Amino acid sequence: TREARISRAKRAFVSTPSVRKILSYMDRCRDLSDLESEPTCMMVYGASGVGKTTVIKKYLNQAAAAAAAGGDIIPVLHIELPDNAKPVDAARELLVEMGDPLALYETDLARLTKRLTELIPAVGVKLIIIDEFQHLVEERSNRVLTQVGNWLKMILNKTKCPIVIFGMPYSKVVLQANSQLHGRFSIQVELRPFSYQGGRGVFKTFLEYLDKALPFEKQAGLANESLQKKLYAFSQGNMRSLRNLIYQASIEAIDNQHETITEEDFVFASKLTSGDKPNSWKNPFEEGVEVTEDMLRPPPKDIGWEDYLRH
DNA sequence: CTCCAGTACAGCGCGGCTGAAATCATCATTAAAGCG
Ligand SMILES: Nc1ncnc2c1ncn2[C@@H]1O[C@H](COP(=O)(O)OP(=O)(O)OP(=O)(O)O)[C@@H](O)[C@H]1O
């Protein structure tokens, strides 16, 4: 098995230009906010499985590895909002995250704000990052709760720490609720999936950078004339499912004697990870499924919005 | 301060009533054909 090759095949990262555009903007946000005056407050979108958490873990690596190895400073922070977040609920988890506090046996929402606003200059927080903004909409109706939104405006105007919010593409109507939240968050971006399969894409260079990143030491055989056809036939532009199927083929090749990912084990990888796909999506690998041109069609605009049509 | 209970307020769903539209009855009127 040689589990080093397995973990080294799973932990692989390809920097598409949108990702480095993002990380450049967050360093821009980090040492552009001067902690004297009003911050910049970027907002990042992206659908399910487009690489968001990988982006922020890249960011806390390249921004906080040496400063977390040096001492208890914690300049950048990483937060997910729990579902249907009460303002005291999000505030207390954001508080027990940073520092070494006890911090949550009292739930009073004024005095823990006191403790968090005295601690946010005490350890020297350079940036606060929130992962999951779509948790503030109701399940069965599309009312949105902005107790946490006005609380986040309060902690923004209290201490001038920059905030970078990630979230689903349907989570922006929450920002359409509070207009002061809408104006305070100026930079919204678009981390949409891979666009086309027609040729000379960013998809190409991503694919062959992943190919040299793979643990097989000669060639992976991928990013070819017909392979990206069935690859884009399998995953829409969907980064998580593409990488998942690729990893599930790579483990199958390293289970036995195999020199590269080839045409006997990539099929069984299509057999496993075909579960999340819809019924009208077509299964292209086993016996005779040639792929029409309409099925490599680019992803629509409401690609991170199908959590929202039904209600 | 937190959990449980009571009680108010708000919301959704179901049922009943009312209104409108569609269909069927019902006959009435008009026209054509046959008989006187
Ligand atoms: N730049 C990249 N290069 C290689 N693989 C990547 C890249 N970005 C993401 N992946 C793969 O995609 C998978 C999904 O990553 P991630 O969870 O960050 O997406 P996401 O949009 O945050 O999904 P969710 O929002 O549901 O957490 C990861 O397992 C990772 O291996």
# chains A, B, ... in the order shown; residues from 1 in each chain; ligands from 1

$ residues_near_ligand --ligand "ligand 1" --cutoff "6 Å" --atoms "only C-alpha atoms (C1' of nucleotides) and all ligand atoms" --output "list in words"
residues 12, 13, 14, 15, 47, 48, 49, 50, 51, 52, 53, 54, 239, 240 and 243 of chain A

$ interface_residues --of "chain B" --to "chain A" --cutoff "12 Å" --atoms "only C-alpha atoms (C1' of nucleotides)" --output "list in words"
residues 1, 2, 11 and 12 of chain B

$ write_last_selection --atoms "N, CA and C atoms (P, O5', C5', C4', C3', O3' and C1' of nucleotides)" --output "short mmCIF file (atom, residue, chain, number, x, y, z; two decimals), in the first residue's frame"
data_model
loop_
_atom_site.label_atom_id
_atom_site.label_comp_id
_atom_site.auth_asym_id
_atom_site.auth_seq_id
_atom_site.Cartn_x
_atom_site.Cartn_y
_atom_site.Cartn_z
P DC B 1 -27.41 36.56 34.56
"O5'" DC B 1 -27.54 34.97 34.36
"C5'" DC B 1 -26.37 34.19 34.20
"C4'" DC B 1 -26.71 32.74 33.87
"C3'" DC B 1 -27.36 32.52 32.51
"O3'" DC B 1 -26.84 31.32 31.95
"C1'" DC B 1 -28.73 31.62 34.18
P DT B 2 -27.43 30.68 30.60
"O5'" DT B 2 -28.45 29.57 31.12
"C5'" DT B 2 -27.94 28.41 31.75
"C4'" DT B 2 -28.97 27.30 31.77
"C3'" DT B 2 -29.67 27.03 30.44
"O3'" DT B 2 -29.78 25.62 30.27
"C1'" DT B 2 -31.27 27.52 32.11
P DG B 11 -47.23 36.13 10.48
"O5'" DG B 11 -47.34 34.61 10.02
"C5'" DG B 11 -46.29 33.70 10.35
"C4'" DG B 11 -46.64 32.28 9.97
"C3'" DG B 11 -47.32 32.12 8.62
"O3'" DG B 11 -46.67 31.11 7.87
"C1'" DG B 11 -48.62 31.06 10.32
P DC B 12 -46.82 31.03 6.27
"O5'" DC B 12 -47.34 29.54 6.05
"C5'" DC B 12 -46.76 28.49 6.81
"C4'" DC B 12 -47.73 27.34 6.97
"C3'" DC B 12 -48.45 26.92 5.69
"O3'" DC B 12 -48.26 25.53 5.49
"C1'" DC B 12 -49.98 27.16 7.49
#

$ closest_residue --among "A:125, A:76, A:157, A:113" --to "residue 89 in chain A" --atoms "only C-alpha atoms"
A:113

$ atom_distance --atom1 "CA of residue 124 in chain A" --atom2 "CA of residue 73 in chain A"
6.4 Å

$ atom_distance --atom1 "CA of residue 19 in chain A" --atom2 "CA of residue 171 in chain A"
20.2 Å

$ closest_residue --among "A:308, A:91, A:85, A:276" --to "residue 173 in chain A" --atoms "only C-alpha atoms"
A:308

$ residues_around --residues "residue 127 in chain A" --least-positions-apart "6" --cutoff "12 Å" --atoms "only C-alpha atoms (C1' of nucleotides)" --output "VMD selection string"
chain A and resid 26 to 35 39 to 42 56 59 to 60 63 to 64 73 to 79 98 120 to 121 156 159 to 165

$ write_last_selection --atoms "N, CA and C atoms" --output "JSON list (two decimals), in the first residue's frame"
[["chain", "number", "residue", "atom", "x", "y", "z"],
["A", 26, "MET", "N", -6.75, 38.35, -0.40],
["A", 26, "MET", "CA", -6.80, 38.32, 1.06],
["A", 26, "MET", "C", -5.52, 38.82, 1.71],
["A", 27, "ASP", "N", -4.36, 38.70, 1.06],
["A", 27, "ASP", "CA", -3.20, 39.42, 1.59],
["A", 27, "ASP", "C", -3.34, 40.92, 1.43],
["A", 28, "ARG", "N", -3.95, 41.33, 0.31],
["A", 28, "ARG", "CA", -4.34, 42.72, 0.08],
["A", 28, "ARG", "C", -5.25, 43.22, 1.19],
["A", 29, "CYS", "N", -6.21, 42.39, 1.60],
["A", 29, "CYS", "CA", -7.12, 42.73, 2.68],
["A", 29, "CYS", "C", -6.44, 42.73, 4.04],
["A", 30, "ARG", "N", -5.47, 41.82, 4.24],
["A", 30, "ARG", "CA", -4.76, 41.70, 5.51],
["A", 30, "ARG", "C", -3.88, 42.92, 5.77],
["A", 31, "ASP", "N", -2.88, 43.17, 4.93],
["A", 31, "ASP", "CA", -2.12, 44.40, 5.14],
["A", 31, "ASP", "C", -2.55, 45.53, 4.23],
["A", 32, "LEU", "N", -3.84, 45.63, 3.91],
["A", 32, "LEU", "CA", -4.39, 46.92, 3.54],
["A", 32, "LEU", "C", -5.20, 47.52, 4.67],
["A", 33, "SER", "N", -5.92, 46.69, 5.41],
["A", 33, "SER", "CA", -6.61, 47.13, 6.62],
["A", 33, "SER", "C", -5.54, 47.49, 7.63],
["A", 34, "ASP", "N", -5.56, 48.74, 8.09],
["A", 34, "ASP", "CA", -4.49, 49.31, 8.89],
["A", 34, "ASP", "C", -4.74, 49.17, 10.38],
["A", 35, "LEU", "N", -5.92, 48.68, 10.77],
["A", 35, "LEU", "CA", -6.42, 48.56, 12.15],
["A", 35, "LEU", "C", -6.49, 49.90, 12.87],
["A", 39, "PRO", "N", -12.27, 48.98, 7.70],
["A", 39, "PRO", "CA", -11.68, 47.90, 6.88],
["A", 39, "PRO", "C", -12.34, 47.72, 5.52],
["A", 40, "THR", "N", -11.93, 46.67, 4.80],
["A", 40, "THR", "CA", -12.30, 46.48, 3.41],
["A", 40, "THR", "C", -13.39, 45.42, 3.21],
["A", 41, "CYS", "N", -13.34, 44.32, 3.97],
["A", 41, "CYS", "CA", -14.43, 43.36, 4.17],
["A", 41, "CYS", "C", -14.86, 42.67, 2.86],
["A", 42, "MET", "N", -13.97, 41.82, 2.37],
["A", 42, "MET", "CA", -14.21, 41.02, 1.18],
["A", 42, "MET", "C", -15.26, 39.94, 1.43],
["A", 56, "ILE", "N", -8.77, 28.17, 2.01],
["A", 56, "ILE", "CA", -8.45, 28.85, 3.26],
["A", 56, "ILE", "C", -7.37, 28.08, 4.02],
["A", 59, "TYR", "N", -4.33, 29.19, 2.77],
["A", 59, "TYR", "CA", -4.07, 30.54, 3.26],
["A", 59, "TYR", "C", -3.52, 30.54, 4.69],
["A", 60, "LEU", "N", -4.07, 29.72, 5.58],
["A", 60, "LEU", "CA", -3.54, 29.72, 6.94],
["A", 60, "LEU", "C", -2.19, 29.02, 7.01],
["A", 63, "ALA", "N", 0.16, 31.88, 5.58],
["A", 63, "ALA", "CA", 0.08, 33.10, 6.36],
["A", 63, "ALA", "C", 0.36, 32.91, 7.84],
["A", 64, "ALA", "N", 0.27, 31.70, 8.38],
["A", 64, "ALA", "CA", 0.31, 31.54, 9.83],
["A", 64, "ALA", "C", 1.12, 30.34, 10.28],
["A", 73, "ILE", "N", 0.08, 33.86, 19.06],
["A", 73, "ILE", "CA", -0.35, 35.11, 18.45],
["A", 73, "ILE", "C", -1.70, 34.97, 17.77],
["A", 74, "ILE", "N", -1.87, 33.90, 16.99],
["A", 74, "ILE", "CA", -3.01, 33.57, 16.12],
["A", 74, "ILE", "C", -3.51, 34.79, 15.33],
["A", 75, "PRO", "N", -2.75, 35.20, 14.30],
["A", 75, "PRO", "CA", -3.13, 36.41, 13.55],
["A", 75, "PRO", "C", -4.35, 36.22, 12.67],
["A", 76, "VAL", "N", -4.43, 35.10, 11.96],
["A", 76, "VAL", "CA", -5.59, 34.78, 11.14],
["A", 76, "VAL", "C", -6.41, 33.72, 11.86],
["A", 77, "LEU", "N", -7.73, 33.78, 11.69],
["A", 77, "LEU", "CA", -8.68, 32.90, 12.35],
["A", 77, "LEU", "C", -9.60, 32.22, 11.34],
["A", 78, "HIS", "N", -10.12, 31.06, 11.72],
["A", 78, "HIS", "CA", -10.98, 30.27, 10.84],
["A", 78, "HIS", "C", -12.23, 29.82, 11.58],
["A", 79, "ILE", "N", -13.39, 30.20, 11.05],
["A", 79, "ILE", "CA", -14.68, 30.06, 11.71],
["A", 79, "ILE", "C", -15.66, 29.48, 10.71],
["A", 98, "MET", "N", -10.45, 31.22, 19.21],
["A", 98, "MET", "CA", -9.23, 31.98, 19.42],
["A", 98, "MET", "C", -8.83, 31.97, 20.89],
["A", 120, "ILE", "N", -9.46, 40.64, 21.00],
["A", 120, "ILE", "CA", -9.09, 40.85, 19.60],
["A", 120, "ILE", "C", -7.96, 41.87, 19.39],
["A", 121, "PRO", "N", -7.68, 42.85, 20.28],
["A", 121, "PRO", "CA", -6.36, 43.49, 20.22],
["A", 121, "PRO", "C", -5.30, 42.84, 21.10],
["A", 156, "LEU", "N", -17.65, 44.66, 13.72],
["A", 156, "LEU", "CA", -16.84, 45.30, 12.70],
["A", 156, "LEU", "C", -16.57, 46.76, 13.04],
["A", 159, "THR", "N", -14.19, 47.05, 16.78],
["A", 159, "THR", "CA", -12.79, 46.93, 16.42],
["A", 159, "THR", "C", -12.66, 46.68, 14.93],
["A", 160, "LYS", "N", -11.66, 47.31, 14.32],
["A", 160, "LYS", "CA", -11.63, 47.49, 12.86],
["A", 160, "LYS", "C", -10.85, 46.34, 12.21],
["A", 161, "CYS", "N", -11.25, 45.12, 12.55],
["A", 161, "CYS", "CA", -10.59, 43.94, 12.01],
["A", 161, "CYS", "C", -11.25, 43.54, 10.71],
["A", 162, "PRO", "N", -10.48, 43.24, 9.66],
["A", 162, "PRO", "CA", -11.09, 42.84, 8.39],
["A", 162, "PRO", "C", -11.69, 41.45, 8.47],
["A", 163, "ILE", "N", -12.80, 41.27, 7.76],
["A", 163, "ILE", "CA", -13.59, 40.04, 7.77],
["A", 163, "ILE", "C", -13.75, 39.54, 6.34],
["A", 164, "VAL", "N", -13.46, 38.26, 6.13],
["A", 164, "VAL", "CA", -13.59, 37.62, 4.83],
["A", 164, "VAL", "C", -14.62, 36.51, 4.97],
["A", 165, "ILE", "N", -15.76, 36.68, 4.34],
["A", 165, "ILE", "CA", -16.86, 35.73, 4.43],
["A", 165, "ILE", "C", -16.86, 34.86, 3.18]]

$ residues_around --residues "range 245-247 of chain A" --least-positions-apart "4" --cutoff "12 Å" --atoms "only C-alpha atoms (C1' of nucleotides)" --output "NGL selection string"
:A and (5-12 or 207 or 210-211 or 213-215 or 220 or 222 or 227-228 or 230-232 or 234-235 or 238-241 or 251-254 or 260-262 or 265-276)

$ write_last_selection --atoms "N, CA and C atoms" --output "compact mmCIF listing (two decimals), in the first residue's frame"
# COMPACT_ATOMS: atom_id res chain seq x y z
N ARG A 5 2.30 7.19 -0.19
CA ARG A 5 1.81 7.46 -1.54
C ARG A 5 0.32 7.75 -1.55
N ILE A 6 -0.43 7.18 -0.61
CA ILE A 6 -1.87 7.41 -0.56
C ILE A 6 -2.18 8.82 -0.08
N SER A 7 -1.56 9.22 1.04
CA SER A 7 -1.75 10.58 1.56
C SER A 7 -1.16 11.62 0.63
N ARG A 8 -0.03 11.31 -0.01
CA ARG A 8 0.58 12.18 -1.00
C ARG A 8 -0.20 12.21 -2.30
N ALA A 9 -1.05 11.22 -2.56
CA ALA A 9 -1.95 11.30 -3.70
C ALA A 9 -3.23 12.05 -3.35
N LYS A 10 -3.66 12.00 -2.10
CA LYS A 10 -4.86 12.73 -1.69
C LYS A 10 -4.57 14.22 -1.51
N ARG A 11 -3.55 14.55 -0.73
CA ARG A 11 -3.14 15.94 -0.53
C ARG A 11 -2.32 16.40 -1.73
N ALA A 12 -3.03 16.81 -2.78
CA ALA A 12 -2.41 17.47 -3.92
C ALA A 12 -3.22 18.71 -4.27
N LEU A 207 -5.35 20.25 -15.45
CA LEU A 207 -5.39 18.81 -15.57
C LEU A 207 -3.98 18.24 -15.64
N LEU A 210 -2.18 18.60 -12.34
CA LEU A 210 -2.60 17.46 -11.52
C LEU A 210 -1.92 16.18 -11.98
N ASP A 211 -1.64 16.08 -13.28
CA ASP A 211 -1.01 14.88 -13.82
C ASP A 211 0.43 14.75 -13.36
N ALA A 213 1.40 16.16 -10.66
CA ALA A 213 1.28 16.05 -9.21
C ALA A 213 0.96 14.63 -8.74
N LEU A 214 0.54 13.74 -9.64
CA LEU A 214 0.13 12.41 -9.25
C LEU A 214 1.35 11.56 -8.87
N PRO A 215 1.17 10.55 -8.01
CA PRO A 215 2.32 9.74 -7.56
C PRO A 215 2.92 8.80 -8.61
N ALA A 220 0.63 10.18 -16.30
CA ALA A 220 -0.67 9.71 -15.88
C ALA A 220 -1.60 9.39 -17.04
N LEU A 222 -3.49 11.27 -18.66
CA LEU A 222 -4.67 12.10 -18.64
C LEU A 222 -4.40 13.37 -19.44
N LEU A 227 -9.79 11.85 -23.22
CA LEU A 227 -9.98 11.59 -21.80
C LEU A 227 -10.69 12.74 -21.10
N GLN A 228 -10.35 13.99 -21.44
CA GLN A 228 -11.06 15.11 -20.85
C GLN A 228 -12.51 15.18 -21.31
N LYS A 230 -14.63 12.47 -21.53
CA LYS A 230 -15.37 11.69 -20.55
C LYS A 230 -15.18 12.21 -19.13
N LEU A 231 -14.10 12.95 -18.87
CA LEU A 231 -13.93 13.59 -17.57
C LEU A 231 -14.95 14.70 -17.37
N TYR A 232 -15.09 15.59 -18.35
CA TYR A 232 -16.12 16.63 -18.28
C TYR A 232 -17.51 16.05 -18.47
N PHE A 234 -18.27 13.27 -16.87
CA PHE A 234 -18.56 12.76 -15.53
C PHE A 234 -18.87 13.90 -14.56
N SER A 235 -17.89 14.77 -14.33
CA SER A 235 -18.07 15.93 -13.47
C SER A 235 -18.48 17.11 -14.34
N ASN A 238 -17.36 20.15 -11.71
CA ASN A 238 -17.42 19.96 -10.27
C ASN A 238 -16.08 19.44 -9.77
N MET A 239 -15.36 20.30 -9.05
CA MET A 239 -13.99 20.02 -8.63
C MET A 239 -13.92 18.84 -7.66
N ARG A 240 -14.88 18.76 -6.73
CA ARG A 240 -14.87 17.72 -5.71
C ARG A 240 -15.07 16.34 -6.32
N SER A 241 -16.05 16.20 -7.21
CA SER A 241 -16.29 14.90 -7.83
C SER A 241 -15.21 14.50 -8.82
N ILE A 251 -6.02 5.12 -6.19
CA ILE A 251 -5.91 4.05 -5.19
C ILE A 251 -6.11 2.67 -5.82
N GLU A 252 -6.96 2.56 -6.83
CA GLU A 252 -7.20 1.26 -7.45
C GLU A 252 -5.99 0.82 -8.25
N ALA A 253 -5.30 1.79 -8.86
CA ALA A 253 -4.06 1.47 -9.56
C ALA A 253 -2.93 1.11 -8.60
N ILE A 254 -2.92 1.67 -7.39
CA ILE A 254 -1.81 1.34 -6.51
C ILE A 254 -2.17 0.16 -5.60
N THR A 260 0.14 3.01 -14.52
CA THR A 260 -0.54 4.30 -14.63
C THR A 260 -2.04 4.03 -14.49
N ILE A 261 -2.83 5.09 -14.31
CA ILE A 261 -4.29 4.96 -14.38
C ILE A 261 -4.66 4.59 -15.81
N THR A 262 -5.43 3.52 -15.98
CA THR A 262 -5.69 2.97 -17.30
C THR A 262 -7.16 2.54 -17.40
N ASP A 265 -9.53 0.22 -14.48
CA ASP A 265 -9.63 0.55 -13.07
C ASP A 265 -10.26 1.93 -12.91
N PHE A 266 -10.13 2.78 -13.94
CA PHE A 266 -10.83 4.04 -14.01
C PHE A 266 -12.32 3.82 -14.17
N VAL A 267 -12.71 2.74 -14.85
CA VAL A 267 -14.11 2.33 -14.93
C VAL A 267 -14.71 1.98 -13.58
N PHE A 268 -14.02 1.20 -12.75
CA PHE A 268 -14.54 0.85 -11.43
C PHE A 268 -14.64 2.08 -10.53
N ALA A 269 -13.75 3.06 -10.74
CA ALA A 269 -13.88 4.36 -10.11
C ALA A 269 -15.11 5.11 -10.60
N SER A 270 -15.51 4.92 -11.86
CA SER A 270 -16.78 5.50 -12.30
C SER A 270 -17.96 4.75 -11.69
N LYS A 271 -17.81 3.44 -11.49
CA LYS A 271 -18.82 2.62 -10.82
C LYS A 271 -19.08 3.07 -9.38
N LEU A 272 -18.05 3.47 -8.64
CA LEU A 272 -18.27 3.87 -7.24
C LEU A 272 -18.90 5.25 -7.11
N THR A 273 -18.28 6.28 -7.67
CA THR A 273 -18.63 7.66 -7.34
C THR A 273 -19.67 8.23 -8.30
N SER A 274 -20.58 7.39 -8.78
CA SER A 274 -21.68 7.82 -9.62
C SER A 274 -22.96 8.03 -8.82
N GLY A 275 -22.88 7.99 -7.49
CA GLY A 275 -24.06 8.04 -6.65
C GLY A 275 -24.68 9.41 -6.50
N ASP A 276 -23.85 10.45 -6.36
CA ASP A 276 -24.37 11.78 -6.10
C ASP A 276 -24.97 12.43 -7.34

$ residues_around --residues "residue 311 in chain A" --least-positions-apart "2" --cutoff "12 Å" --atoms "only C-alpha atoms (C1' of nucleotides)" --output "tab-separated table (two decimals) with N, CA and C atoms, in the first residue's frame"
chain	number	residue	atom	x	y	z
A	137	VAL	N	-30.16	31.23	6.57
A	137	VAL	CA	-31.47	31.18	5.94
A	137	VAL	C	-32.25	30.03	6.56
A	138	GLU	N	-33.56	30.21	6.66
A	138	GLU	CA	-34.44	29.18	7.19
A	138	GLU	C	-34.52	28.01	6.21
A	139	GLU	N	-34.74	26.80	6.74
A	139	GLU	CA	-34.92	25.62	5.89
A	139	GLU	C	-36.15	25.74	5.00
A	140	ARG	N	-37.33	25.79	5.61
A	140	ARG	CA	-38.57	25.56	4.88
A	140	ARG	C	-39.09	26.82	4.21
A	141	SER	N	-38.71	27.99	4.70
A	141	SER	CA	-39.03	29.25	4.05
A	141	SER	C	-37.74	30.01	3.80
A	142	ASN	N	-37.83	31.04	2.97
A	142	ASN	CA	-36.67	31.87	2.69
A	142	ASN	C	-36.66	33.16	3.48
A	143	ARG	N	-37.19	33.14	4.69
A	143	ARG	CA	-36.79	34.16	5.64
A	143	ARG	C	-35.32	33.96	5.98
A	305	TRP	N	-27.42	27.51	-6.62
A	305	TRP	CA	-28.71	28.05	-6.23
A	305	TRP	C	-29.81	27.00	-6.14
A	306	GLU	N	-29.49	25.72	-6.36
A	306	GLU	CA	-30.54	24.70	-6.30
A	306	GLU	C	-30.87	24.26	-4.88
A	307	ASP	N	-30.35	24.95	-3.87
A	307	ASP	CA	-30.90	24.80	-2.53
A	307	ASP	C	-32.06	25.75	-2.28
A	308	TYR	N	-32.50	26.48	-3.30
A	308	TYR	CA	-33.34	27.64	-3.09
A	308	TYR	C	-34.61	27.69	-3.95
A	309	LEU	N	-34.80	26.78	-4.91
A	309	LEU	CA	-35.93	26.99	-5.81
A	309	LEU	C	-37.23	26.55	-5.16

$ select_by_dssp --residues "range 85-160 of chain A" --states "strand (DSSP E or B)" --output "PyMOL selection string"
chain A and resi 127-130+137+144

$ write_last_selection --atoms "C-alpha atoms" --output "PDB file, in the first residue's frame"
ATOM      1  CA  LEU A 127      -7.924  38.720   9.994  1.00  0.00           C
ATOM      2  CA  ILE A 128     -11.162  36.872  10.728  1.00  0.00           C
ATOM      3  CA  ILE A 129     -12.471  34.415   8.099  1.00  0.00           C
ATOM      4  CA  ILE A 130     -15.934  32.810   8.134  1.00  0.00           C
ATOM      5  CA  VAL A 137     -31.469  31.180   5.936  1.00  0.00           C
ATOM      6  CA  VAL A 144     -33.243  35.053   6.606  1.00  0.00           C
TER       7      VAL A 144
END

$ atom_distance --atom1 "CA of residue 287 in chain A" --atom2 "CA of residue 259 in chain A"
23.2 Å

$ closest_residue --among "A:109, A:44, A:177, A:296" --to "residue 192 in chain A" --atoms "only C-alpha atoms"
A:44

$ select_by_dssp --residues "range 180-218 of chain A" --states "alpha helix (DSSP H)" --output "VMD selection string"
chain A and resid 180 to 184 202 to 213

$ write_last_selection --atoms "N, CA, C and O atoms" --output "PDB file, in the first residue's frame"
ATOM      1  N   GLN A 180     -26.703  48.009   5.111  1.00  0.00           N
ATOM      2  CA  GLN A 180     -25.422  48.439   5.654  1.00  0.00           C
ATOM      3  C   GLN A 180     -24.398  47.318   5.595  1.00  0.00           C
ATOM      4  O   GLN A 180     -23.211  47.578   5.369  1.00  0.00           O
ATOM      5  N   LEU A 181     -24.843  46.072   5.772  1.00  0.00           N
ATOM      6  CA  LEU A 181     -23.986  44.931   5.483  1.00  0.00           C
ATOM      7  C   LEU A 181     -23.636  44.866   4.007  1.00  0.00           C
ATOM      8  O   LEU A 181     -22.521  44.470   3.652  1.00  0.00           O
ATOM      9  N   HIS A 182     -24.581  45.240   3.144  1.00  0.00           N
ATOM     10  CA  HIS A 182     -24.347  45.199   1.709  1.00  0.00           C
ATOM     11  C   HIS A 182     -23.308  46.227   1.293  1.00  0.00           C
ATOM     12  O   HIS A 182     -22.430  45.936   0.475  1.00  0.00           O
ATOM     13  N   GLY A 183     -23.380  47.428   1.863  1.00  0.00           N
ATOM     14  CA  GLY A 183     -22.403  48.450   1.545  1.00  0.00           C
ATOM     15  C   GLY A 183     -21.068  48.238   2.217  1.00  0.00           C
ATOM     16  O   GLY A 183     -20.034  48.648   1.682  1.00  0.00           O
ATOM     17  N   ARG A 184     -21.059  47.603   3.388  1.00  0.00           N
ATOM     18  CA  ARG A 184     -19.791  47.380   4.067  1.00  0.00           C
ATOM     19  C   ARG A 184     -18.987  46.266   3.416  1.00  0.00           C
ATOM     20  O   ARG A 184     -17.766  46.214   3.585  1.00  0.00           O
ATOM     21  N   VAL A 202      -8.248  26.804 -19.153  1.00  0.00           N
ATOM     22  CA  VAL A 202      -7.585  26.689 -17.861  1.00  0.00           C
ATOM     23  C   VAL A 202      -7.689  25.253 -17.335  1.00  0.00           C
ATOM     24  O   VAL A 202      -6.784  24.763 -16.638  1.00  0.00           O
ATOM     25  N   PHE A 203      -8.777  24.563 -17.702  1.00  0.00           N
ATOM     26  CA  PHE A 203      -9.003  23.152 -17.393  1.00  0.00           C
ATOM     27  C   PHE A 203      -7.843  22.271 -17.841  1.00  0.00           C
ATOM     28  O   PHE A 203      -7.414  21.400 -17.079  1.00  0.00           O
ATOM     29  N   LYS A 204      -7.282  22.540 -19.026  1.00  0.00           N
ATOM     30  CA  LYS A 204      -6.128  21.840 -19.584  1.00  0.00           C
ATOM     31  C   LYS A 204      -4.924  21.858 -18.657  1.00  0.00           C
ATOM     32  O   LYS A 204      -4.432  20.804 -18.241  1.00  0.00           O
ATOM     33  N   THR A 205      -4.451  23.072 -18.359  1.00  0.00           N
ATOM     34  CA  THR A 205      -3.273  23.276 -17.519  1.00  0.00           C
ATOM     35  C   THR A 205      -3.492  22.785 -16.102  1.00  0.00           C
ATOM     36  O   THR A 205      -2.559  22.243 -15.493  1.00  0.00           O
ATOM     37  N   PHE A 206      -4.703  22.979 -15.564  1.00  0.00           N
ATOM     38  CA  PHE A 206      -5.065  22.368 -14.288  1.00  0.00           C
ATOM     39  C   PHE A 206      -4.908  20.855 -14.346  1.00  0.00           C
ATOM     40  O   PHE A 206      -4.350  20.245 -13.423  1.00  0.00           O
ATOM     41  N   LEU A 207      -5.349  20.253 -15.452  1.00  0.00           N
ATOM     42  CA  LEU A 207      -5.389  18.805 -15.572  1.00  0.00           C
ATOM     43  C   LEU A 207      -3.980  18.236 -15.642  1.00  0.00           C
ATOM     44  O   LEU A 207      -3.667  17.244 -14.976  1.00  0.00           O
ATOM     45  N   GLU A 208      -3.099  18.883 -16.402  1.00  0.00           N
ATOM     46  CA  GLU A 208      -1.751  18.335 -16.506  1.00  0.00           C
ATOM     47  C   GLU A 208      -0.860  18.728 -15.330  1.00  0.00           C
ATOM     48  O   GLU A 208       0.106  18.007 -15.043  1.00  0.00           O
ATOM     49  N   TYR A 209      -1.163  19.825 -14.626  1.00  0.00           N
ATOM     50  CA  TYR A 209      -0.503  20.055 -13.346  1.00  0.00           C
ATOM     51  C   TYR A 209      -0.911  19.005 -12.321  1.00  0.00           C
ATOM     52  O   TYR A 209      -0.074  18.547 -11.532  1.00  0.00           O
ATOM     53  N   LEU A 210      -2.184  18.595 -12.336  1.00  0.00           N
ATOM     54  CA  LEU A 210      -2.599  17.458 -11.524  1.00  0.00           C
ATOM     55  C   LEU A 210      -1.923  16.178 -11.984  1.00  0.00           C
ATOM     56  O   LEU A 210      -1.657  15.287 -11.167  1.00  0.00           O
ATOM     57  N   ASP A 211      -1.639  16.077 -13.284  1.00  0.00           N
ATOM     58  CA  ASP A 211      -1.013  14.879 -13.820  1.00  0.00           C
ATOM     59  C   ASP A 211       0.426  14.754 -13.361  1.00  0.00           C
ATOM     60  O   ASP A 211       0.880  13.657 -13.021  1.00  0.00           O
ATOM     61  N   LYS A 212       1.168  15.863 -13.354  1.00  0.00           N
ATOM     62  CA  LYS A 212       2.518  15.789 -12.812  1.00  0.00           C
ATOM     63  C   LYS A 212       2.492  15.714 -11.290  1.00  0.00           C
ATOM     64  O   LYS A 212       3.453  15.229 -10.682  1.00  0.00           O
ATOM     65  N   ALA A 213       1.403  16.164 -10.658  1.00  0.00           N
ATOM     66  CA  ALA A 213       1.277  16.048  -9.210  1.00  0.00           C
ATOM     67  C   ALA A 213       0.959  14.632  -8.739  1.00  0.00           C
ATOM     68  O   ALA A 213       1.086  14.353  -7.542  1.00  0.00           O
TER      69      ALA A 213
END
